[PDB]
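> Right, I'll just put the structure down here and ask away after.
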Amino acid sequence: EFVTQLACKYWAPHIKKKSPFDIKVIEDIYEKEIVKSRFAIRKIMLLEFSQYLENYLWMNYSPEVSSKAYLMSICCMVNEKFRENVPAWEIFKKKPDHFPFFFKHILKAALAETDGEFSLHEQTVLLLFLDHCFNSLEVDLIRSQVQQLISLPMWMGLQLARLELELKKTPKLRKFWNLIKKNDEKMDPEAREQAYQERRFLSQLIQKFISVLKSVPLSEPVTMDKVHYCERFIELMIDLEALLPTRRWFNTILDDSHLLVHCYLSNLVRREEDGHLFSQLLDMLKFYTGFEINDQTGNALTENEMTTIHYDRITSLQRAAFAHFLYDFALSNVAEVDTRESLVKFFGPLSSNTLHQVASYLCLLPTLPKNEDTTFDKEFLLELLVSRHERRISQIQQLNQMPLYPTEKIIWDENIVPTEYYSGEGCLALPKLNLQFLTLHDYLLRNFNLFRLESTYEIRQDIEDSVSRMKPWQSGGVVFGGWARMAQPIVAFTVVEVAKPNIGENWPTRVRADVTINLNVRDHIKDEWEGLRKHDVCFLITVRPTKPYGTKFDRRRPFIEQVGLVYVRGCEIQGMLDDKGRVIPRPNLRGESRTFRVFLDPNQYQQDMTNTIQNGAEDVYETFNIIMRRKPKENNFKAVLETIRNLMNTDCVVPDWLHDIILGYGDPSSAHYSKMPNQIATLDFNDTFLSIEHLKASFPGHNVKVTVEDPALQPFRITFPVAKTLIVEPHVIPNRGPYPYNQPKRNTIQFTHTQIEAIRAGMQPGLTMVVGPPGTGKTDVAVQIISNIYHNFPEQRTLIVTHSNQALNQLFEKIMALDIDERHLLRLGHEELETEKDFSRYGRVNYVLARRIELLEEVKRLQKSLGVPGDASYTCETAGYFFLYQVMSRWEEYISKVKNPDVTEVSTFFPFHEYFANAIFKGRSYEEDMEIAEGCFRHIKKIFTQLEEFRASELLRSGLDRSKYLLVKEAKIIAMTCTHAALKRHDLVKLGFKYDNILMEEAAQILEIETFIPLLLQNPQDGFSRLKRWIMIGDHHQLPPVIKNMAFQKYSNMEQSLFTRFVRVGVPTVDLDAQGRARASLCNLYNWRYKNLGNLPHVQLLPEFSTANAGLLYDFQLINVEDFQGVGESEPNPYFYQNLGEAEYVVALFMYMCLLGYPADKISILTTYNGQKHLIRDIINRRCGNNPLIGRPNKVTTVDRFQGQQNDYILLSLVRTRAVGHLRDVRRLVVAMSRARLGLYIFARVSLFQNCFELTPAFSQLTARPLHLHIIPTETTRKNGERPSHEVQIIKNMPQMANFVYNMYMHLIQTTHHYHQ
Amino acid sequence: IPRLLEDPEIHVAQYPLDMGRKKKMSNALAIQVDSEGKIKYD
Amino acid sequence: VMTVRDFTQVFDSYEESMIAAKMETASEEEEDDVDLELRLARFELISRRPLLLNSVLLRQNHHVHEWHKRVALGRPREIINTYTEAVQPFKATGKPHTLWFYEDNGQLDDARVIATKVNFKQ
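Written out as structure tokens, the structure reads:
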């Protein structure tokens, strides 16, 4: 009540007049609310949500009023905005004037003496804030401050000898160094002092860290504030090191400080519990300090370059050894001396003083003055020299030794596998997705690990649930008191194969095992377990139960102690055995015992064996007593990890014009078609334009010149310059024969000039990105691009990748209405057929088979029409012979006569009159009849072209081989989901799958790595990628890829699509700007979010969009819903949010509409929480029930599950009364505002959402109308704007509505009677 | 804990070496040793 | 397999041919290991050390130091030839030259052959 009253008085939104700025408010809030509550998250949230930063803190900030409390408060707010994933920097961008002063004083505060003016926690907050800054260099205001901290001049923080070493190593650097020193002369004394302080900041910050770290005791109690400071510091180090602009010069600085050696010898890492997170962060930092990249060129280092670097280090150490100390070491070959073991052997016996001296000769430490003792520990000195010179394994070898399954040592580690309870207050040992990556390996590995660790979370839930249900009890044996659908007791387990390693690798190439279960279960469960197939992943589990028989289990309690969890290992089904011992017209097995042969992870196997042999650890693989299966659709993690690893191993040949953009650096526009060197001058736009008028209107800024003046002669070809002039050439589609129905289908969509820009771009080489707001015609743009590419570049193959099968259904539906032969279409998938034709491998093989029959019959008819005898039927083979021998000959003779010249001789010598009798010449002009004859030959030739393509079905009997032919050769358009593409990449590459162009839909719904993988479904061609075009269509202003555990979004931004990253990076986009599915009035609720999003003509002009909704005054309303029986939002189960007042009101409105005669199916009900969804459903069944007058809404579901869907009328419940929740994500808002064609009615606590700054552009519109539902119960042909010719009653709350609907219904039950049975 | 003959508190059926748990009605007439010595084959 | 042999000859005519040859050796012989070592002498280093580790595990017997010598292209590979000698003659000296009498080396080879021991002494 204190913070809120202050907000109301001084800064809260929607309060006309506020008290003037008062510095004491900032001082009081910081000391008494923030500091005293120990930086309580709920306090900080309340302040942030109340718009403290935007409305009080920053706009009143100046140098004269700046204080500790002021600085800290700003940083707390910024940090909290990051924790909540809302824009953090907007107010600074609005008033940038005092930010440089503010930033400099954040630096001073961060370096302030430990435990001095600023507490260690306060300086941790500053560490995190600065981390956000370094992670935000895309913001000009921030970058302009950070530049001086991380540029070449920062090297004045280096030891003088190390600086000179670097300048000698890269001689071209010295002139730039000199230039800096010169420009420094031109500075006034204070600007010079400020510059030097900024240049030294990071190196000085490192020293502060090192002293904090050293203050941590080995075993004595330690304050958590020291631990967390050290953790956040390493997080900062990682991010600086993992970004090239911050790494470029700082990497040397970090090395010069020897921080990493300090950290690995520290007491903190030695604390098994306290320092565990610190250790894991440390391992990440080590990965980056030794990362395989050239700091200056930014290029990845080759294996040769790595080896040279390592060899040069040893060489210079031997030079120093020979001249000044280690004689035998200096003369030995590198391989002799460069192992950790050898280095310890050679330098371990030496004194501290000698090691210090050695290090000094390598410019690692200052000279040890004569007769002085070193102040450094011998273990530091030794580890310094050893770690610097020892052999390193490469990043690839490191990756190739990783098991693909999580063990029990990983699954419950919440540092790397956080629960959904993760607040965001501590940090995690996780990769982060933002804008840039160092190299392709960095990029691929971050996605590998994030996918790996996120999938591990779902595994834990699967394990904890199924194993708990089994109720493992002590009997020293185990007895299971319960049963589980997804997990069975193991009856037997035996490793049956341990194969020899490939040359080089130290792990078996293959490990297999037999696992037996006893299906003493319900037949439904027996069937599901027998439903296991090859590549299905199962988990092998060892429990040694802790509880006596009958002991109750508590899911709230630590799972591992509850069931006695000892081991978890993964495996992959090879197949079930049959009674002949064969790995599986599937047989009917007898009895209830089933054995599966499985693959074990060979790396995990070797590690376990090594552990057993070396350390006497028990053999894990003799202990398994539970096997757990999973839902197939949620269980692709292993296959995806494998594919990513394979991609990493390969040379990853992506187009050279894509590589830099993919990594997020370099010119974001360099793949635009206008900058591609192979830009095509002349394009056939075919049926894109409906008329010459449509064409001219499609290029507003251009001058159109037609190659033909006659308006009656005006498909179109367009030539683009290399200057605002377009040359348009009309041309004639080649006659396809004497059957006018064989004229091609044509596009009917009058594309806007913006849609045309997208289509134009998609036809050109390079990267085309299309931002398509709700209903702006993404699909029509897509198929037109596909069609244009199909006709312009017949040889080229197009790969289509979407997120959902729904999008594929939509694409193929529209493709069918265009001039595209269905023999060139193919759809891959692992499904309910929703299109008029079947484009699966099965459907396409069947089409070919049926079409082959019909065409061979045409050849027979042709044979007979020519008077050629022969009763045998044709094959594709003999049809080919027939074409060359009987058809081509006749045609060539004919052309020889009439094309080498009367109208009459065109018809008189035409060799195929009888064949086309069922269908010729007009006798008007030669040119016309000749072309008619030409078209007849094209008709016949097409028959034989198809038969030649179909010969493969005569050479390949099985449907699988036949489908392979379509995939590798016949199809020109191949479509699949990104999911399928990830699973099938290995098979596709092995098949020799090839493609030239990629088009994607739903691009902003697709995970980063699942966007990248479709780039590599083929092998390189002559050393280069065959990929010519990349078209991505999506909407980053709508919902992102789904991350099951939102902790991975909060910390790592794992939901961020490649599409979204590219938009952020600055890749130019084509922004579709005219929607065609909803009222203009409804469009206003979300078009504010987009660039110039208006409406198409038919939305503006058709009556169906201006007709009001019967019985409701407004076509949309926001309806305030106060408490019902003292309750607002409720939570019958944790996080199962509901709102009875809102639910009842929504259902009552739905009933009202049904009783008015609304088509119940045209109404869908949406809400932001699953808890409310089930409750609305509950009320639907319990209030409507067996009511004849009331139907069911098409759907009752969540907004997140209604993406890409719509209905005429949407009833929306926002549920929340205490906190705004995940609707604060504007993308969720936009989706919620755009599901309705004609009617949107929203029920919420209006005050709560009004206060949310991010939601203001929508809710300021919604509150422009009454918050009490306006009904017209005696009502349609009433128009949207006209005053109604009925009574308007105002329902002021839910109970009044539920009353009204009851009375209305009881009046309708007496006056009517309908009859369904 | 043992669950085998090899190895009151147990609250288990345990039969430690060979006390029969199922009906046999065996013919054999018990072999006997007297005091210190002999299997009484007489 | 004859097509694989002719294709192996095509690889012998030659990077892709080197891939076909290395695959031909890794397909899973000591003479063939000498051939793959010759491929290391031609094509292309740590991976060669790994395949050399495979050849070493396959047979710990005296040309292996020469296989290690390709990695030197040498003092380190000679050191591997020396450690291999400890694991077991002139090859270590050749490794020393790489870091940089044949008749006595030959009587030594007679010693290297798998009263006879007295001859080994002489």
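Residue numbers (PDB author numbering), protein chains in the order written: chain Q, 21 to 345, 348 to 497, 500 to 608, 614 to 743, 746 to 753, 774 to 881, 884 to 953, 959 to 977, 981 to 1336, 1340 to 1381; chain R, 51 to 57, 65 to 99; chain I, 286 to 299, 303 to 316, 320 to 335, 337 to 353, 355 to 366, 369 to 383, 387 to 398, 404 to 417, 421 to 428.
Beta carbons: idealized from backbone N, C-alpha and C, even for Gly.
Going along chain Q, which residues have a C-beta under 9 Å from residue 375/I?
Within chain Q, the residues near residue 375/I are 355, 357 and 358.
> Can you name, in chain order, every residue of its own chain whose Cβ lies under 7 Å from the Cβ of residue 1245/Q, other than the five neighbours on each side?
Taken in chain order, the residues that qualify are 1212 and 1251.
> CA-CA distance, residue 734/Q and residue 842/Q?
The straight-line gap from Cα to Cα measures roughly 24 Å.
> Establish whether the CB of residue 310/Q and some CB of chain R are separated by less than 7 Å.
For residue 310/Q, the answer is no, since every Cβ of chain R falls outside 7 Å of its Cβ.
> Please classify residue 135/Q as buried or exposed, where buried requires at least 16 neighbouring CB atoms within 10 angstroms.
With fewer than 16 other Cβ atoms within 10 Å, it is exposed.
> Less than 7 Å between CB atoms is the rule here; does residue 353/I satisfy it with respect to chain Q?
For residue 353/I, the answer is no, since every Cβ of chain Q falls outside 7 Å of its Cβ.
> Taking the alpha-carbon positions, what's the residue 1373/Q to residue 1139/Q distance?
Each residue's alpha carbon lies about 35 Å from the other.
> Since residue 185/Q and residue 197/Q are thought to touch, with beta carbons under 8 Å apart, how far apart are those beta carbons, to the nearest angstrom?
The Cβ separation is near 13 Å, so there is no contact.
> Note down, in chain order, every chain R residue with its Cβ under 9 Å from the Cβ of residue 501/Q.
Residues of chain R passing the Cβ test: 51 and 53.
> Around the Cβ of residue 361/I, are there at least 16 other Cβ atoms within 10 angstroms (buried) or fewer (exposed)?
Buried, since its Cβ has 16 or more Cβ neighbours within 10 Å.
> Using a Cβ-Cβ cut-off of 7 Å, state whether residue 1084/Q counts as contacting chain I.
Not one chain I Cβ lies under 7 Å of residue 1084/Q.
> Please determine if the stretch 1065-1081 of chain Q and the stretch 1033-1042 of chain Q are in contact, where contact requires at least 3 C-beta pairs separated by less than 8 Å.
The stretch 1065-1081 of chain Q vs the stretch 1033-1042 of chain Q: in contact.
> Just checking, does the stretch 632-647 of chain Q make contact with the stretch 550-570 of chain Q on the three C-beta pairs under 8 Å criterion?
Because the criterion of three Cβ pairs below 8 Å is not met, the stretch 632-647 of chain Q and the stretch 550-570 of chain Q do not touch.
> Give the DSSP bridge partners of residue 520/Q, in chain order.
None; residue 520/Q has no bridge partner.
> For residue 1050/Q, which of helix, strand or coil comes out of DSSP?
Looking at residue 1050/Q - three-state DSSP - the assignment turns out to be helix.
> Examine chain I for any beta-carbon lying closer than 7 Å to the beta-carbon of residue 200/Q, and answer yes or no.
Output row for residue 200/Q: interface = no.
> Looking only at its chain, what residues have a beta carbon closer than 7 Å to the beta carbon of residue 635/Q, apart from the 5 residues adjacent to it on each side?
Taken in chain order, the residues that qualify are 530, 531 and 532.
> Can you pull out the residues from the stretch 337-351 of chain I whose beta carbon lies closer than 7 Å to at least one beta carbon of chain Q?
If the cut-off is 7 Å between Cβ atoms, the stretch 337-351 of chain I has 337, 338, 339, 342, 343, 345 and 346 near chain Q.
> List the residues of chain Q that residue 290/I touches, going by C-beta distances under 8 Å, in chain order.
Ordered by position in chain Q, no residue passes the 8 Å Cβ test against residue 290/I, which lies about 21 Å from the chain.
> Alpha carbon to alpha carbon, how far is residue 956/Q from residue 427/Q?
Not modelled: residue 956/Q, which lies between 953 and 959, the two residues flanking a gap in chain Q.
> Check residue 1181/Q in the structure and name its three-state DSSP category.
Strand.
> Name the residues in the stretch 632-658 of chain Q whose C-beta lies less than 7 Å from a C-beta of chain I; which are they?
The residues in question: there are none.
> For residue 508/Q and residue 651/Q, what's the separation of their Cα atoms in angstroms?
So the alpha carbons of these two residues sit roughly 23 Å apart.
> For residue 808/Q and residue 1131/Q, which I take to be in contact (beta-carbon distance under 8 Å), what is that distance rounded to the nearest angstrom?
Confirmed, about 5 Å.
> Using the C-alpha atoms, what's the distance from residue 234/Q back to residue 587/Q?
Taking the straight line joining both Cα atoms gives about 40 Å.
> Which residues in the same chain as residue 146/Q place their Cβ atom closer than 7 Å to its Cβ, once the five residues preceding and following it in sequence are excluded?
Same-chain partners within the cutoff: 95, 126, 129 and 130.
> Taking just the CA atoms, how far does residue 1009/Q sit from residue 907/Q?
If I take the Cα positions, the gap works out to 14 Å.
> Hey, residue 397/I and residue 373/I: beta-carbon distance below 7 Å or not?
For residue 397/I and residue 373/I, yes; Cβs fall inside 7 Å.
> Is it buried or exposed for residue 1292/Q, if we count other Cβ within 10 angstroms and need 16 for buried?
Buried.
> Going by C-alpha to C-alpha distance, which of 49/Q, 1312/Q, 297/Q and 1288/Q sits closest to residue 1279/Q?
When only C-alpha atoms are compared, the closest one is 1312/Q.
> Please list, in chain order, all residues of the same chain as residue 1125/Q whose beta carbon is under 7 Å from its beta carbon, the five residues on each side excluded.
457, listed in sequence order.
> For residue 1330/Q versus residue 1355/Q, is the C-beta distance shorter than 7 Å?
The answer is yes: Cβ separation under 7 Å.
> Taking the alpha helix (DSSP H) that residue 949/Q falls in, what are its first and last residues?
Its alpha helix (DSSP H) spans residues 942-951.
> So if DSSP puts residue 734/Q in a beta bridge, which residue, or which two residues, is it bridged to?
Residue 734/Q pairs with 778/Q.
> Which whole-angstrom value is the C-beta distance of residue 345/Q and residue 359/Q, which I expect to be below 8 Å?
Going by Cβ atoms, the distance from residue 345/Q to residue 359/Q rounds to 14 Å, so no, they are not a contact pair.
> Going by CA-CA distance only, name the one from 50/Q, 58/Q and 76/Q that's closest to residue 40/Q.
Comparing Cα positions, the closest option is 76/Q.
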